[PDB]
Structures are given as structure tokens and as C-alpha cells.
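All remarks here apply to the structure that follows.
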Amino acid sequence: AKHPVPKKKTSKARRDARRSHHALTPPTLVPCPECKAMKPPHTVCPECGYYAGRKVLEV
Amino acid sequence: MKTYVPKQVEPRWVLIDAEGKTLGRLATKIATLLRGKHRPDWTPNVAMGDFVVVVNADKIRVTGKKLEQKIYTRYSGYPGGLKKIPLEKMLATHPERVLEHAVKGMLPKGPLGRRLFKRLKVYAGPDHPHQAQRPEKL
Amino acid sequence: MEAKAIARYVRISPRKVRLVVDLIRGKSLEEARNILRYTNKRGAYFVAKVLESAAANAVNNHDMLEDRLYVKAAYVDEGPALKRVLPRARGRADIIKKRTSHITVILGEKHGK
Amino acid sequence: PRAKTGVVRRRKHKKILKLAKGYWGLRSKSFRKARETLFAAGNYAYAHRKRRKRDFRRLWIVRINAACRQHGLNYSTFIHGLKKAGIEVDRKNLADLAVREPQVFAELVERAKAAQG
Amino acid sequence: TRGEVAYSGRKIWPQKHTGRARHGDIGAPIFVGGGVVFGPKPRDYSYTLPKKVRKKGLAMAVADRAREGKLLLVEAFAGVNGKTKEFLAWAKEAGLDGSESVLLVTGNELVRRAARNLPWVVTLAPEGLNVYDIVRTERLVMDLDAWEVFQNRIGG
RNA sequence: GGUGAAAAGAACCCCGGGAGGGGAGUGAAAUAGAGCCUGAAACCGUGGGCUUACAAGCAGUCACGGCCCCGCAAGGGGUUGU
RNA sequence: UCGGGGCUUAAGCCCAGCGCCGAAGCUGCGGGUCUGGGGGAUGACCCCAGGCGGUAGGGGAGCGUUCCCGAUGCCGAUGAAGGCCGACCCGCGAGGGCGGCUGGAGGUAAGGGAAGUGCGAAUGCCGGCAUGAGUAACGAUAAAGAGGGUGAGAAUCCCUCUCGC
RNA sequence: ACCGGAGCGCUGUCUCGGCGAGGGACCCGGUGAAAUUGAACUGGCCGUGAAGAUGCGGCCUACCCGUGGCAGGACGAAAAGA
RNA sequence: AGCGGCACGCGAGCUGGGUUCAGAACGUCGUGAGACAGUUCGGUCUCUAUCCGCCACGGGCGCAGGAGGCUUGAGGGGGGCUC
Numbered sequence: 002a003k004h005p006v007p008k009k010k011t012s013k014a015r016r017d018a019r020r021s022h023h024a025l026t027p028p029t030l031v032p033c034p035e036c037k038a039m040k041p042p043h044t045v046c047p048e049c050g051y052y053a054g055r056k057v058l059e060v
Numbered sequence: 001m002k003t004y005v006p007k008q009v010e011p012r013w014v015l016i017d018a019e020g021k022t023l024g025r026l027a028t029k030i031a032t033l034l035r036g037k038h039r040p041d042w043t044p045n046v047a048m049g050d051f052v053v054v055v056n057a058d059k060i061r062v063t064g065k066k067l068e069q070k071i072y073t074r075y076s077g078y079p080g081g082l083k084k085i086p087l088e089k090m091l092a093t094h095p096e097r098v099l100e101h102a103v104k105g106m107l108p109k110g111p112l113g114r115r116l117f118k119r120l121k122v123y124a125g126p127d128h129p130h131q132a133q134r135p136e137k138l
Numbered sequence: 001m002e003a004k005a006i007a008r009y010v011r012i013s014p015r016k017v018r019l020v021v022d023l024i025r026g027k028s029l030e031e032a033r034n035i036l037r038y039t040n041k042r043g044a045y046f047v048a049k050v051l052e053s054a055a056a057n058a059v060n061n062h063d064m065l066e067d068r069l070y071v072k073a074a075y076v077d078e079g080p081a082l083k084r085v086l087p088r089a090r091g092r093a094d095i096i097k098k099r100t101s102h103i104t105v106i107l108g109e110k111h112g113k
Numbered sequence: 002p003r004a005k006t007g008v009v010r011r012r013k014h015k016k017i018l019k020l021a022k023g024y025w026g027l028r029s030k031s032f033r034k035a036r037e038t039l040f041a042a043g044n045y046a047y048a049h050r051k052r053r054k055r056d057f058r059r060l061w062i063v064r065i066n067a068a069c070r071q072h073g074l075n076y077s078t079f080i081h082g083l084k085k086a087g088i089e090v091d092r093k094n095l096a097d098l099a100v101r102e103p104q105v106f107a108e109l110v111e112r113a114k115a116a117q118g
Numbered sequence: 053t054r055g056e057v058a059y060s061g062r063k064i065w066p067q068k069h070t071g072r073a074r075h076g077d078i079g080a081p082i083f084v085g086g087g088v089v090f091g092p093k094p095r096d097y098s099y100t101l102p103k104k105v106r107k108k109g110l111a112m113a114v115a116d117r118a119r120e121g122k123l124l125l126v127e128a129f130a131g132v133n134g135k136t137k138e139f140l141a142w143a144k145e146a147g148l149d150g151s152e153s154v155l156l157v158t159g160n161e162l163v164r165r166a167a168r169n170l171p172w173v174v175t176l177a178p179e180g181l182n183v184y185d186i187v188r189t190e191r192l193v194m195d196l197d198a199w200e201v202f203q204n205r206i207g208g
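Protein chains in written order, with the authors' numbering: chain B5, 2 to 60; chain BN, 1 to 138; chain BW, 1 to 113; chain BU, 2 to 118; chain BF, 53 to 208.
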């Protein structure tokens with residue numbers, strides 16, 4: 002509600018495209034050695050672990 | 001009845017001179033050939049008009065002072081981008097253009113008018129890629 | 001067979017959850033499980049839970065064995081819209097909408113013979 | 002006497018909508034945009050009918066000319082002969098004998114330049 | 053009309069820099085509950101029709117039924133003591149089927165007591181023997197007196 | 001404003017904090033499931049048929065080509081390269 | 001930049017002959033329509049001639065809707081009214097029949113009649129859903145950091161330590 | 001705390017701007033409006049046109065869609081022109 | 001120490017000093033309220049760019065085997081002074 006105001010409606014397809022380069026994005030996982038599950042890369046899993054795996058006190 | 005529709009016709013290559021011919025008079029013909037308009041089986045919407053390879057363009061002739069006179073313009077979107085080269089220098093550097101040009105504006109323009117220009121392959125020479133038929137003409 | 005579990009009458013606007021769904025659309029239970037564990041949109045919680053309940057039907061009802069379970073159709077169709085008012089000055093009470101959606105995961109089985 | 006319209010209008014609009022159903026843009030689901038577009042479409046249909054006439058007249062005459070030169074010479078002459086012969090038809094439509102069965106044609110060519118060539 | 057609304061008479065908007073429309077009361081027709089235009093009102097349709105003309109109506113109409121041969125002047129209906137079944141048996145006997153209505157022109161109320169209930173017998177009486185009912189019905193089952201009514205009615 | 005003829009208005013197991021759902025079960029019907037009869041359009045979804053990454057537009061018209069689905073034929077509908 | 005192109009005994013200018021193109025104009029074939037005439041008592045129906053761009057606007061006809069006479073009747077649970085689908089039929093049309101799907105109890109022919117009747121628009125009235133835009137903003141620049149705890153779920157709640165206004 | 005003229009000192013007012021600041025802007029997640037909106041499939045030149053065009057002729061540049069950024073134009077939005 | 005065009009270029013880019021708002025006065029005309037190409041002092045340029053266009057930057061596809069690495073110059077832009 003000031004100077005710049007859309008002059009004529011935006012067509013559905015346009016909305017679509019603006020959101021074409023949008024859209025959701027995949028995750029990516031890595032195998033946990035000395036364990037058996039998935040973790041983010043170089044991270045630690047409270048179910049798996051790093052070297053030695055500090056914590057891992059899941060009930 | 002219902003007027004006839006050529007099926008997938010084979011593309012007949014040709015070959016024309018260059019040297020000695022008048023620049024414009026040439027295309028006039030050449031053009032027609034690029035389309036099916038010589039063919040007794042022409043059709044607007046298909047482009048089956050003869051692949052015209054051309055030899056020794058560099059020796060195209062033309063009338064009057066057009067050698068010097070005639071100006072080949074080119075304008076980038078940049079303000080002041082108008083560059084006008086003369087027929088003269090246009091012979092000297094990449095002369096093949098001059099034909100291809102005189103030509104390219106004797107076709108129509110819808111997406112196939114340019115498909116047709118691809119159906120044309122001049123050289124300044126003779127020489128060409130002897131691919132096949134290309135029966136000389138006149 | 002197949003396994004139906006809809007998420008009717010649920011908070012959050014479509015676009016967001018519509019985005020959440022299409023990422024996992026048509027995949028394994030194990031797979032999508034691990035995906036949901038590591039995706040960053042509250043949809044993650046919602047879709048994951050409703051997907052798990054979609055698997056829950058296929059356990060004690062229709063039964064197609066959990067091993068074979070693959071995901072079909074997950075659509076997320078908009079519901080109504082919550083209508084509230086916005087503190088915009090100069091005398092105008094704007095209108096604001098907290099939308100609601102319909103996540104619908106249907107996970108069938110592996111083979112068909 | 003509740004002269005309540007009813008649904009009448011919705012039905013009529015359904016008609017014209019179905020008439021336009023297919024076009025690109027909301028004009029395929031807008032029962033007013035559909036109307037305007039439709040208007041254009043119909044007037045177009047009429048014009049394109051008379052235009053269809055001279056269109057195909059032309060195309061015929063095109064292959065006729067090119068093939069005429071292929072055998073002997075120009076279309077103008079060809080026809081002029083056919084006329085100053087007695088061939089009170091040839092049927093520009095079916096002048097396209099050149100298309101299928103060039104023998105017929107070339108014979109009529111002989112008859113053409115014979116007429117008054 | 054639009055005038056009778058328990059509503060305002062004061063313009064809701066300015067009349068210029070509103071940005072909106074340009075109106076006033078919510079009793080105008082173009083709004084929601086706002087009144088209608090020239091329509092729903094208490095209007096009697098009745099009019100005047102010349103004597104003799106419409107008189108002839110009866111005449112003509114009644115006379116037309118005499119071309120249609122369905123009428124008679126029973127001096128007395130044997131359905132004495134207004135019971136349905138009496139005049140019913142009398143109907144069967146006098147040639148009254150069960151599928152032709154009775155503008156039953158006649159005058160004794162006891163007779164029409166039975167006819168006051170028959171469902172293919174409107175029971176028409178004489179003091180208001182009318183053309184419309186003559187057309188929708190079937191039986192000039194007149195007593196002599198009803199015909200005296202139809203007689204004195206004309207007089208020309 | 002309106003479930004249904006009638007509350008017979010959903011026990012029980014299932015996942016889930018619930019929310020809500022999946023059978024069970026209710027009735028002729030639960031696509032009558034609780035502001036629920038009947039569910040137009042705008043309206044945003046989802047699957048599939050056609051088409052689109054040299055391409056100039058009041059967006060369709062007309063014809064030619066091809067792709068899919070129809071049809072016993074001949075014919076058709078849908079689509080759009082030109 | 002003559003529209004362009006390209007043309008220099010011309011594809012320019014002038015002048016002569018013939019040809020062809022090319023308009024919805026005109027010829028033909030077919031159906032409608034209107035005026036006159038004729039056959040037909042013949043209404044119907046056919047032959048013939050001539051008109052049929054068109055805003056305001058004048059004349060003629062018709063489709064449809066809401067209710068009444070028609071209705072103590074006619075239609076209908078084997079299924080009314082809408083609703084959805086359509087490449088069939090009839091009418092120039094507006095519509096009507098048909099059929100498939102839906103739905104659940106009203107509907108009304110032929111003939112007449114009574115009218116709040118036919119929407120695309122009035123920065124028109126109400127209601128609904130979008131557009132921008134997953135963008136601007138999410139309220140003071142005094143400011144937050146960690147430990148444990150509750151819990152299905154802790155930046156956002158609570159106990160402690162630390163910082164700052 | 002009213003309008004000029006002058007002079008000193010002083011100073012990023014200027015020559016002429018360069019870094020630095022934190023906070024907004026930009027990327028992650030939670031929430032998420034507005035005016036305007038005939039429909040759009042929206043480059044340019046040169047003419048035209050009711051006289052100032054992506055839509056018309058002639059004739060134009062450039063694959064398809066986006067992010068940040070500027071503001072000439074859409075006779076830009078808000079004012080049924082004071 | 002050129003002249004001129006482009007809405008006598010440019011306020012969705014700035015300024016608002018000049019301008020033709022309401023105050024007041026000044027010279028001034030009018031019996032007068034008020035008015036005067038006559039003057040004077042003050043006085044609110046509206047954060048969010050939808051499409052085009054421009055400048056930088058990417059994602060997809062492309063190039064009729066699949067990957068790296070090094071190139072070629074179509075066309076276009078800049079640079080051209082001067083004591």
C-alpha cells in the first residue's frame with residue numbers, strides 16, 4: 002500500500018515458476034560404524050556415535 | 001475430394017554457380033528453391049525445399065556503385081551500437097555473408113523461414129563437402 | 001493392499017506441508033523414516049506421525065507385512081482458514097489467515113503376485 | 002409471485018462455458034472471459050471460411066504453376082490456352098492433376114500451347 | 053417498498069474521498085436487506101362487466117350444455133332425508149355413473165347434503181349458477197325451481 | 001435454519017501427548033459421522049493422455065502433420081508441430 | 001531503410017499489345033427468410049420474381065422462470081427437484097427431448113391465465129477464494145550464556161550459576 | 001526559538017570521498033499481510049494510429065526459470081481534478 | 001569556457017529555495033466581504049518494484065558417445081585528450 006503496486010494480476014503459472022526454483026530439498030545421510038543406523042556426515046549419533054561415542058545414554 | 005499431402009519426401013540437394021551471376025537476381029531463384037515452390041509437390045508447412053549448397057560466392061557480381069555504396073548495418077542493444085559495413089569490405093571479410101544475406105530476406109520469417117536458411121550452405125571457393133547428389137544447375 | 005491415514009483438520013498452512021510431502025513422496029518406510037528424522041520443517045513431525053499411523057493400519061487391519069511396505073499418495077489438500085485481525089495502524093483492521101491442511105499418506109506393499 | 006430467477010443464468014453460463022472449455026488461461030473457467038474469447042473465435046470462424054475459399058484456391062494454383070513450368074512454361078499462359086481452347090473447366094481444384102498423374106497434365110499442356118500458343 | 057426498513061437514513065460513507073462506492077442508507081434496494089422496487093403490494097384485481105353480455109354468458113353456456121345433452125328437471129330427488137346412500141342409489145338409477153361432476157343445479161339443501169361430500173360432485177346450487185363452474189363440471193340436475201331461477205334470470 | 005424414520009449418535013483393539021484416524025460395529029444408506037440432507041462455481045491439490053528448453057503474444061481461428069484413447073466400417077474426441 | 005528486399009538495356013521513368021491474378025462484387029449448387037404473384041375452396045404444401053450491412057429506434061413472433069384455473073386428477077421409491085457428464089436427436093435461435101452418473105418426495109403436460117421474470121459490467125450489495133508473497137513485517141539495539149529439571153515435546157517453562165539495563 | 005548583510009574562530013557543508021560501527025537489508029527454521037489486480041504468452045527500433053504501443057504494419061533482439069539490485073516505462077498505485 | 005534535443009531529459013531519483021493553497025502584512029483597488037503577471041515572512045515529496053528495461057548472479061536444459069584440461073574469436077563493450 003504505497004508506490005509499488007502490482008499492476009494487473011499475476012498468472013498462476015508464474016506463481017508456479019517462482020516456486021519452481023523453490024520446492025523442498027533432500028537430506029543426505031551416512032552409515033554409522035561401531036553401530037547400526039544413520040547420521041549426518043561427520044556428526045555424532047546418540048544411537049550410534051563418533052569414535053568412542055561419548056554420551057549414548059538413550060533409555 | 002481433398003487436395004493432396006506429400007508424404008515424407010526425400011530432400012533433393014542441388015548446387016548453383018556464383019561467379020558472374022548478379023547478386024540479387026540469383027537469390028530470387030535460389031529462394032524459391034529453398035521452399036517447395038518449384039516442386040510439383042510444394043506445401044507451406046513442412047519445408048522440403050532443396051538444400052542449396054553454393055560455390056565460389058566470393059566472386060558474386062553486382063551492378064552500379066553497390067560495391068562501394070551498399071551498406072550492411074548491425075546494431076547491438078547498446079546505445080550507439082549501429083555498425084554499418086559496406087558491400088566492399090563485406091566481400092573482403094567473410095564474403096559468403098553477402099549472399100546468405102541477400103537471400104535470408106527473401107524467405108518468410110515464421111520459425112521455419114530460418115529452418116530453411118539452415119537448408120542453405122554457400123562457400124566462397126568452389127569446394128563444399130561433396131556429401132551427395134548436388135547436381136549442378138544453371 | 002494399501003494403507004490409509006489422513007491428517008484432517010490440522011494446523012499449519014498448505015504450501016509448507018505441501019513442500020514437506022513432495023520430498024518423501026513415494027518411498028520406502030525405512031527410507032522416509034530416516035528422512036523425517038533429519039528434515040527441518042514441523043511438517044517433519046506431522047507427516048512422520050501420520051505416515052507412521054498409515055503404517056499402523058497396514059499392521060493391524062489390512063496387513064501387507066511391514067517389510068514390503070512402500071509409500072503411495074500422500075497429498076495434503078487445504079482445509080479451511082483461521083481468520084484473525086492484524087494491528088495495522090492508520091485505522092485499518094487487516095485480515096490474517098492461519099490455514100489448515102490435509103496430509104494423506106497411503107502406503108501399500110511391495111509385490112503383486 | 003416470487004419471480005425468483007432460480008438457476009436459469011447458471012445453466013446458460015454453463016452452456017457458453019462448455020462452448021469455450023479448452024482455451025489457455027482463466028478464460029477457460031471464467032464464464033465471462035470465455036464469452037469474449039468465444040466471440041473472437043466465432044467471428045474468426047466466419048472470416049476464416051471465406052478465407053478458406055481463396056486459401057485453397059491459391060495453394061492449388063501454386064503447385065499448378067510450379068509443375069506447369071516443370072513441363073513447359075508459365076501458369077498464366079497454361080490457363081489462357083485452356084480458356085482459348087474450350088476447356089471450360091480444368092477445375093482449378095482438380096487442376097492439380099499435376100500432383101497425381103503428370104501424363105494427363107502434360108497432355109493438357111500440349112492442348113494448352115496448342116489452344117493459342 | 054424500500055421505505056419501510058427499521059434502518060437508517062444516513063449515509064455510511066463520505067461521498068467523495070471515501071475510496072469506496074457512493075451510496076447511503078442500507079435500505080436502498082441495491083444492498084442486502086434493503087427493500088424492493090415497484091412490486092409486492094395489496095392490490096385487488098376485480099372489475100366491472102356489463103349485465104346482458106355476461107347474462108348471455110350463462111344463457112349461452114347453459115344452452116351449450118343443452119347442445120351437450122346433459123341436464124334434467126327432477127321434480128323430486130328420492131333421496132329424502134339427506135343421506136348419501138339414498139341419493140347415491142338415486143344417482144345410479146337416474147343414470148349417474150361415478151365419473152362426471154355435479155354442478156348439480158337444484159335447490160333443496162337436504163339433496164345437496166349428500167352432494168356436499170361427493171368427490172366428483174361439486175354440488176352446484178341455483179342462486180349462483182355460474183359459467184366457470186358450468187364448464188368445470190357436468191350436471192344440470194335441476195329441480196323445477198332451479199329452472200325457474202335460470203328462467204327468471206334471463207328475461208330476455 | 002435442517003443428522004436420521006428412530007440416537008440406534010460409534011463400545012473394543014490399533015498408531016498417536018492428544019488431535020485425528022484404520023477396522024470392528026450402527027442403520028436402508030456413515031459418500032446421513034455429529035452446525036453432518038442435497039455438495040454449482042471461483043478455489044487450491046493429486047494421478048494419468050497430449051504438448052513445451054532458437055522461442056514474438058487480445059492467445060484463438062483454419063487447414064496440414066503427428067501422439068493417445070474411442071469406433072464393426074467410414075467416422076470421432078482429446079492434443080498441438082506448423 | 002523505397003514496407004522490406006533488390007533491381008542500373010532495371011524489378012526505375014515513359015509508351016503500345018496480349019495474358020493471368022486478385023473482393024464476401026458477380027456466376028453456379030443447395031437450405032432459410034421477407035415482400036408481390038400464381039396453382040391449390042384447398043389451411044397445409046409447391047412453381048415464379050424481387051429484397052435480406054446496420055447503433056438509437058418503430059413492427060412481428062418465440063424460448064424460459066414463479067404461482068393459479070386444469071388437480072377429490074396425471075407422474076414418482078423399479079425414484080420427483082436440482083446437481084454432475086455427453087462426440088445422440090429436434091429448433092435459425094433462446095431452449096426442448098434423450099441417455100449415463102448423483103440424489104432422496106416432490107412435481108404438472110395440452111389448453112388458458114397472474115407476474116417482484118432472464119445480469120457482465122453501476123471505483124454497484126452481501127458472501128467466498130485468490131493476486132503480491134512464502135515477500136514486508138513479527139513492537140524499542142538493555143543482551144544474552146551455560147548447568148540441571150519437568151516432560152512425548154524445552155532458545156520460548158522452573159531450580160542454580162554468569163552477564164548486562 | 002521572527003526576515004536579510006557581515007566577520008572571527010571552527011568544522012566531512014564542500015574539494016571527495018576512505019575505512020570503521022552496530023542495527024536492518026541477504027542465507028537457515030517458526031508465523032506470515034496490504035493496496036492493486038479484464039485476461040495475459042509482456043525485449044527494441046521505425047512509422048502509424050483519437051496524435052506518447054511488447055498487443056497494429058514494416059522490422060526488430062534474444063534457450064527456460066529464477067536470486068540480489070537500480071528505478072526510464074507500463075501515460076505507474078492512492079485523489080469519480082482543489 | 002560551443003549551441004541544442006530528448007514531456008523545454010530526469011520528484012515511484014533527490015532538492016523544494018522559486019512556485020498560484022488556507023495566516024498575516026505590505027504597497028493597492030473596492031462603500032464594502034474580499035480582490036490586484038505588485039511585493040513580503042513562514043509553511044507535511046506518501047518505508048515493501050507485479051511485468052518491461054537496465055547490472056550483477058545463479059538453477060534447469062542444451063550442443064544427436066561419456067570426463068577432465070587447454071583453447072578459437074562470431075559479435076559486442078571500453079579506450080581515443082591535451083598544455
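From the three backbone atoms N, C-alpha and C, an ideal C-beta is built for every residue, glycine too.
Listed along chain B5 are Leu25, each with a C-beta nearer than 8 Å to that of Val20 (chain BW). Proximity to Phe83 (chain BF) across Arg54 (chain BF), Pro66 (chain BF) and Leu101 (chain BF) peaks at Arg54 (chain BF), based on C-alpha coordinates. By the Cβ-count criterion, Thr43 (chain BN) is buried, with 16 or more other Cβ atoms from all chains shown falling within 10 Å of its own Cβ. The region 11 to 23 of chain BU and the region 68 to 77 of chain BW do not touch, with fewer than three beta-carbon pairs separated by less than 8 Å.
Around the C-beta of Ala124 (chain BN), 16 or more other C-beta atoms lie within 10 Å, and the residue is accordingly described as buried. Rounded to the nearest whole angstrom, the CA to CA distance from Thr28 (chain BN) to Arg19 (chain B5) is 48 Å. Within 7 Å of the CB of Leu30 (chain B5), the CB atoms of chain BW belong to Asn34 and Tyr38, in sequence order along the chain.
When secondary structure is reduced to three states using DSSP, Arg54 (chain BF) falls in the coil class, being assigned neither helix nor strand. DSSP places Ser101 (chain BW) inside the beta strand (DSSP E), whose first and last residues are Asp94 to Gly108. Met64 (chain BW) sits in coil when the DSSP states are folded into three classes, being neither helix nor strand.
Following the DSSP letters along the chain, one finds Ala7 (chain BW) in no alpha helix (DSSP H) but inside the beta strand (DSSP E) bounded by residues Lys4 to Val10. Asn34 (chain BW) and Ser21 (chain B5) have their alpha carbons spaced roughly 26 Å apart. Contact between the region 29 to 42 of chain BN and the region 109 to 125 of chain BN is present: three or more C-beta pairs spanning the two stretches fall below 8 Å. Taking 8 Å as the cut-off between beta carbons, the residues of the region 32 to 64 of chain BU near chain BN are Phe57, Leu60, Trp61, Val63 and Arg64, in sequence order. Per the coordinates, the alpha-carbon of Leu110 (chain BF) lies some 31 Å from the alpha-carbon of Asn133 (chain BF). If you ignore the 5 residues before and after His72 (chain BU), its C-beta comes within less than 6 Å of the C-beta of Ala107 and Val110, all in its own chain and listed in chain order.
The C-beta distance from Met194 (chain BF) to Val163 (chain BF) rounds to 11 Å, too long to fall under 8 Å, and the pair is not in contact. DSSP places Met1 (chain BW) in the coil class of the three-state scheme, outside both helix and strand. If you check the CB distance, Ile186 (chain BF) and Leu148 (chain BF) do not come in under 7 Å. Counting only residues of its own chain and dropping the five nearest sequence neighbours on each side, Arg95 (chain BF) has no CB closer than 6 Å to any other CB. Taking each of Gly180 (chain BF), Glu179 (chain BF), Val183 (chain BF) and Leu192 (chain BF) in turn and checking the Cα distance to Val173 (chain BF), the smallest one comes out for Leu192 (chain BF). Proximity of chain BW to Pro41 (chain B5) at the Cβ level (cut-off 9 Å) is accounted for by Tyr38, in chain order. In this chain, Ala31 (chain BN) is not harboured by any beta strand (DSSP E); it is covered by the alpha helix (DSSP H) spanning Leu23 to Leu34. Shown here, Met194 (chain BF) sits in coil according to DSSP, grouped into three states, outside any helix or strand. In terms of beta-carbon proximity, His101 (chain BN) stays away from the interface with chain BU, with every pair separated by 7 Å or more.
Residue state for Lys27 (chain BW) is assigned as coil, using DSSP reduced to three classes. Residues of the region 28 to 56 of chain BN with a C-beta atom less than 9 Å from some C-beta of chain BU are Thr32, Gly36, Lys37, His38, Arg39, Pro40, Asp41, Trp42, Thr43 and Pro44, listed in chain order.
Rounded to whole angstroms, the gap between the alpha carbons of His101 (chain BN) and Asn44 (chain BU) is 40 Å.
Straight-line measurement puts the Cα of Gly159 (chain BF) at about 11 Å from the Cα of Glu127 (chain BF). Under the Cβ distance rule, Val9 (chain BU) does not count among the residues neighbouring chain BN, no pair being separated by less than 7 Å. Going by DSSP, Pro80 (chain BW) is part of the beta strand (DSSP E) stretching over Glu78 to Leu86.
With its beta carbon at least 7 Å from every one in chain BN, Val105 (chain BU) lies outside the interface.
Under a 10 Å Cβ-count criterion, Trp61 (chain BU) is classified as buried, with 16 or more other Cβ atoms of the shown protein chains found around its own Cβ. For the pair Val63 (chain BU) and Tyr4 (chain BN), the CB atoms are not nearer than the 7 Å cut-off. Residues of the region 69 to 86 of chain BW with a Cβ closer than 9 Å to any Cβ of chain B5: none.
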